[PDB]
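Be aware that the sequence shown starts at -5, since it is given in the entry's author numbering, and climbs by one per residue. A virtual CB, placed ideally from N, CA and C, is assigned to each residue, including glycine. A quick write-up on the structure given underneath.
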Amino acid sequence: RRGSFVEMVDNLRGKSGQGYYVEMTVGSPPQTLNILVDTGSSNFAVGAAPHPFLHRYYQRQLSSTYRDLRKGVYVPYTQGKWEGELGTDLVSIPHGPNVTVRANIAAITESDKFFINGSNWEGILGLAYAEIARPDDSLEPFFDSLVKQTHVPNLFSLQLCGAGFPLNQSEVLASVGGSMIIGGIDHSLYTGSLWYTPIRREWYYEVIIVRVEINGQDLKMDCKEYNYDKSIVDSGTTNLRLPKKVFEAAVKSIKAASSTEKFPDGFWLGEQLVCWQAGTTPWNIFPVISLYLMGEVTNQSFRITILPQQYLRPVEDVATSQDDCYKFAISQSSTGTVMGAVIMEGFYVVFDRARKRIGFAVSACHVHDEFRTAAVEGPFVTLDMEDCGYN
Ligand SMILES: NC1=N[C@@]2(c3cccs3)CN(c3ncccn3)C[C@H]2CS1
């Protein structure tokens, strides 16, 4: 396997809890900012005024190429909000395609619980489609601008690399967190074959899950439950989030598989860390989890399989110790399945917008042990898969 995108390999930093970010520049002369990669939204928005958690921000008055769109944007969401002022400017990705484009930028002037202290990022790059752009679908997303203005192919791919142990702010800064390959697929980043699932509709990166197993045991729910009210691939969410009913069934099964050790309710609620003596995390007592995805061929599916090394998220201990500690990174949702960063860390994920499909292959940087690895396997004969989609 040759790796043909060396300029873009290792261009990300960060971690599942705080997000993965890429360096970008905005304006003339270029202003460097670190930008969260978010496949779950569609706005390019950057800090544009002082904030306690920002060491730098976009200064529109210092950019000769700034254009004011004379329009505000207000983006409240469950956990937080940002608001700002729309404009356009020249934008580049230094460890990216060697192109500069004119793109929409939301200059964030006010926010609440958006910026994260010590995350090292100063804005967000929404890579999903115009339908979910704010204030409306007339605000062309960055990637749409990039493809229209250049010869960059209509595809990007993400290798998010979890360390398997905690990183502090300085360690994030010095460590490679993965790769965002703009316009292609780098074969060095994965092992085995790429398997593709259709993008059901171009808004979020929406997919259809057709079967779920815990250690090979079918969760045995009607497959519509798995996609109620949608299933998406979202680098801007930390956890694997499952619809309430599915979460309840999955947690019951995971508890049963891991029952040789009892964990407190707060662990299963994703709130409380668990710790083990250094090196002794009992990976083998925890089950693998397989999600079967609709394939491209009629009546065919494939599965992706993750380990506890994916769904147990490393965290630092609440007190000074050499223990290995984790939070359970599967949680309930009222807005559908979210395949967040902890599941993406298992895989190289190809966002093939041109062919309306998402590819999965085992990541060359997934965390595993000597006994088990993540997997992408197929095909399986699966009937009536369209019925798994929620309307
Ligand atoms: N993937 C996610 N991205 C957001 C993130 C905010 C901060 C980090 S990830 C931005 N967001 C959003 N929603 C609607 C329109 C625009 N953005 C929701 C929020 C949590 S989940």
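By DSSP, does residue i sit in helix, in strand, or in coil?
| i | result |
| --- | --- |
| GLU125 | helix |
| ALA272 | coil |
| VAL166 | helix |
| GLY260 | helix |
| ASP346 | strand |
| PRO302 | helix |
| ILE248 | helix |
| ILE202 | coil |
| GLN326 | strand |
| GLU339 | coil |
| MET2 | coil |
| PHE374 | strand |
| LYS238 | helix |
| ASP381 | helix |
| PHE150 | strand |
| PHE136 | helix |
| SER225 | strand |
| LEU63 | strand |
| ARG54 | helix |
Can we count residue i as close to ligand 2, meaning its CB is less than 6 Å from some heavy atom?
| i | result |
| --- | --- |
| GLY34 | Ligand 2 is absent from the structure shown, which contains only ligand 1. |
So who's on the other strand from residue i, going by DSSP bridges?
| i | result |
| --- | --- |
| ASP212 | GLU207 |
| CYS319 | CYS269 and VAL309 |
| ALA39 | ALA100 and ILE118 |
| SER105 | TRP76 |
| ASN28 | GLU17 |
| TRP277 | DSSP output for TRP277 lists no bridge partner at all. |
| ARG(-5) | Paired residue(s): none; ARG(-5) is not in a bridge. |
| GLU196 | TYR199 |
| residue 444 | Since the first residue of the chain shown is -5 and the last is 385, residue 444 is not available in this structure. |
| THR232 | Answer by DSSP bridge pairing: none, since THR232 is not bridged. |
| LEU84 | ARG96 |
| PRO46 | BP columns for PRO46 are empty, so no partner. |
| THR33 | Bridge partners of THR33: none, in fact. |
Roughly how many angstroms separate the alpha carbons of residue i and residue j, rounded to a whole number?
| i | j | result |
| --- | --- | --- |
| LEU267 | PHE159 | 13 Å |
| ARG61 | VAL336 | 38 Å |
| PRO24 | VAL85 | 8 Å |
| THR232 | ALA323 | 7 Å |
| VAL69 | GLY78 | 9 Å |
| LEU30 | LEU119 | 6 Å |
| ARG54 | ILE193 | 37 Å |
| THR299 | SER58 | 50 Å |
| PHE241 | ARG351 | 26 Å |
| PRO258 | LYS238 | 19 Å |
| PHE47 | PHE109 | 6 Å |
| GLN143 | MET2 | 20 Å |
| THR26 | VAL95 | 15 Å |
| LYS246 | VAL0 | 44 Å |
| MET215 | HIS362 | 29 Å |
| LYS9 | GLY172 | 9 Å |
| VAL370 | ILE202 | 16 Å |
| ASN162 | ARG349 | 39 Å |
| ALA358 | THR185 | 6 Å |
Quick one, which of the options has its alpha-carbon nearest residue i's?
| i | options | result |
| --- | --- | --- |
| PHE280 | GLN304, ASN293 and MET18 | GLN304 |
| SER105 | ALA42, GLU310 and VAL375 | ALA42 |
| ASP223 | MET215, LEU236 and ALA124 | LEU236 |
| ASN92 | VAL361, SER182 and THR19 | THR19 |
| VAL67 | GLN211, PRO129, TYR286 and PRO135 | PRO129 |
| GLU196 | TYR123, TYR184 and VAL245 | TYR123 |
| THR33 | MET174, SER169 and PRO70 | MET174 |
| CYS269 | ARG194, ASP317 and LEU285 | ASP317 |
| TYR199 | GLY81, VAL343 and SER169 | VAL343 |
| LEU183 | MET338, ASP378 and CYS319 | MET338 |
| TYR384 | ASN221, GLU364 and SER253 | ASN221 |
| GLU219 | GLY334, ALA272 and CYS382 | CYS382 |
| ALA100 | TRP76, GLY112, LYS107 and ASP311 | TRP76 |
| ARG307 | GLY11, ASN5 and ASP4 | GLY11 |
| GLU364 | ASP378, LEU301 and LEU263 | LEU301 |
| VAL146 | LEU154, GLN153, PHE137 and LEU152 | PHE137 |
| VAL332 | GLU265, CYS217, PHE374 and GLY230 | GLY230 |
| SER(-2) | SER132, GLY90, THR72 and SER253 | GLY90 |
| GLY264 | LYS321, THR275 and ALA355 | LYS321 |
| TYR14 | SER113, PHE150, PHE354 and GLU380 | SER113 |
| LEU149 | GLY372, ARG347, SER22 and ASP212 | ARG347 |
I want to check one thing, is the minimum distance from the CB of residue i to the heavy atoms of ligand 1 below 6 Å?
| i | result |
| --- | --- |
| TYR71 | yes |
| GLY8 | no |
| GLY230 | yes |
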